[PDB]
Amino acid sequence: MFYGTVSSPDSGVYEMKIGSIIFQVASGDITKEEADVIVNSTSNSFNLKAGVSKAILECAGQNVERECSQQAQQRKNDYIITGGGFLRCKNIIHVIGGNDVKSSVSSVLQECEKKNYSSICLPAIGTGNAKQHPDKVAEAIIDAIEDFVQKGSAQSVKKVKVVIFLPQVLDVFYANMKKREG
């Protein structure tokens, strides 16, 4: 009841509508992206610096690293929201890579509506240090967006883009989109 047609609007970018949201995938360097929110896939201590989390914390800077540890030593967090530092975003949302990916993406969507944000960029959450399988991760990300549209919750959010480090993982996401297409 929600899916549009899969097409390529720009070289290396693939998209489809999911209700009112445009869902996009591409391979590349997530630290070069501009969006209201960029998502970091990290550990339960919010201080992983390996793979995509290394690139995100290095680019963002030490004030963001200090924000993460300051919040981590205050309460038990499922995820944390910090400033963007020297990334091109308004906030970073740091999610735990080993957690249920559908739950993590649902939380990101809800927090973006609370701030009236329109754009999100995320990596293939859980496929790095957490070693979750790429088709399970693709299925979970897209299912979270579908549920969000189905509940009537999308109002400010208009664009969700996954920027994926390994081209082989992009191929898995594209196949999942084609399975769903309207």
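Heads up: residue numbers just count along the shown sequence, starting at 1.
**Q** Tell me which of 34 to 42 and 123 to 131 has the higher mean C-alpha B-factor in the deposited entry.
**A** In the deposited entry, the stretch with the higher C-alpha B-factor mean is 123 to 131.
**Q** Going by the B-factors listed in the PDB entry, is the mean over the C-alpha atoms higher for 160 to 168 or for 5 to 13?
**A** For C-alpha atoms only, the mean B-factor is higher in 5 to 13.
**Q** Please work out which residue in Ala138, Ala144, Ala26, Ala55 has the highest C-alpha B-factor recorded for this crystal structure.
**A** Highest CA B-factor of the listed options: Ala55.
**Q** Splitting the chain's C-alpha B-factors into thirds, which one does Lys76 fall into?
**A** Ranked within chain, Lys76 CA B lands in the highest tercile.
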